[PDB]
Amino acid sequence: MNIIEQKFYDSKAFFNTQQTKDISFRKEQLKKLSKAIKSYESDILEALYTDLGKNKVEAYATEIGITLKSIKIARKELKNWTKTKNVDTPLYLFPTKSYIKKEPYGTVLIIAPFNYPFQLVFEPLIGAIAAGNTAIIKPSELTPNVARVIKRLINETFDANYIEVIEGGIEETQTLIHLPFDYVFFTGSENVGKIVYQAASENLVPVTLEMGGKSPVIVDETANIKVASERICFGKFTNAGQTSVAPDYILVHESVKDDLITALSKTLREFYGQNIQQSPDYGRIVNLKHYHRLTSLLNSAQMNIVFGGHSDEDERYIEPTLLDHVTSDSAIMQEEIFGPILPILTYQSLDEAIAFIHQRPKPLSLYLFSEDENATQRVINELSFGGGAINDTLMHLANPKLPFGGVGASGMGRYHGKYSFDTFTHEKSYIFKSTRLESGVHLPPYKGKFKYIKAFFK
């Protein structure tokens, strides 16, 4: 009765035909998706480069390669993920049989951001397809050519009543989130996350939200500064900072603080050489507006740049900038940076570092560079965060056996690997008690049965 509603009702109607629930069907659409991505493979990278200055290597590894292997893993495991699970039954309920069926939710909404525009559409989508749902996809219009390449790939591969792509901004998102989807999957900002979560509450819709925060990295008195410098910079300088799990700021112990900076800068040259603006290993800011935002942050923290700093408006360039003498109350530590600026703060005792992170909202990721075991055991035991890495950054996302998701302000729910499948699955317990052997052990009248009932639970 309206354009977006028209497509929503058609997707729901196709699901109710129930072709989606058949495993043969799902295995085949996974195949078509793998083939379609490979067919558009250079049609994914032209758009990633024009929208995000994303070079072919990292673009492939973060958006195309990761999903192609995810499709493969899902096709290999589809029969295990979907198979009904038999469940041990208690002896006092004998002969009852116990099962858990893995059934889809129905029609599913996927909202994806701008920074990994392809990855965050298709990793959940693989889950939804594998789980037997229909899907309506909302990709970011901040990366417009990526968005249309996704629409072209989806329209060419699938019928709209099975998977469809709605392009647009907040207006279209508002129409979608107020529709009665059977599941909503969202990656993006805490603020839009709140908009989605409140909109889903009205129709009692379950959701997975993956938002952000400020990911700490504790560089400890016992650290291996050399490797940490490289490891941290990979995490921070891939996609030019725009990564919900990128290190947002460093909590570096007093003693090692100056070492790090040289190590950083030196191993930053090992990454993009002198004059990074000419490197074909380093990305760009998504947009003029995000640009004028991160430049203003550099212009306000200009007293404290210690390595990097300049920027060209015409190609949305900002170089790997490192800050120093930063404090809890400065403007750079008020918001999530989501850019190539790395503020560095000093700490004396580990208790203060932990306390500093505790006072703040729970981050999506947390990183500790330390060789001390008692130190790691307490950073891990007392700080709650989404996920993270001891002596590494980012690369915990690369293992699809580890769920990826936030906690508290950083998010709820999780995906990657099987978890993508589980996010879009309802686990339906059912039992089966044959009628040949009937009894009466728990039925009425109770008269003198009390003893036997107490014995059921003792």
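Numbers for residues come from their place in the sequence shown, where the first is 1.
- As listed in the deposited structure, the average C-alpha B-factor of 83-91 and of 131-139 is greater for 83-91.
- Note on 189-197 vs 308-316: mean CA B-factor is higher in 308-316.
- Ranking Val121, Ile354, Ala223, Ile73 by Cα temperature factor from the entry places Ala223 first.
- Per the deposited coordinates, the residue with the largest Cα temperature factor out of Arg148, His292, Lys362, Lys101 is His292.
- Ranked against the other modelled residues of its chain, the C-alpha B-factor of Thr423 as given in the entry falls in the lowest third.
- Sort the chain's modelled residues by C-alpha temperature factor and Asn239 lands in the middle third, per the entry.
- When all modelled residues of the chain are sorted by CA temperature factor, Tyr282 is found within the highest third.
- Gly273: CA B factor in the highest third of modelled residues in this chain (values from the PDB entry).
- The deposited CA B-factor of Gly405 belongs to the lowest third of values across its chain.
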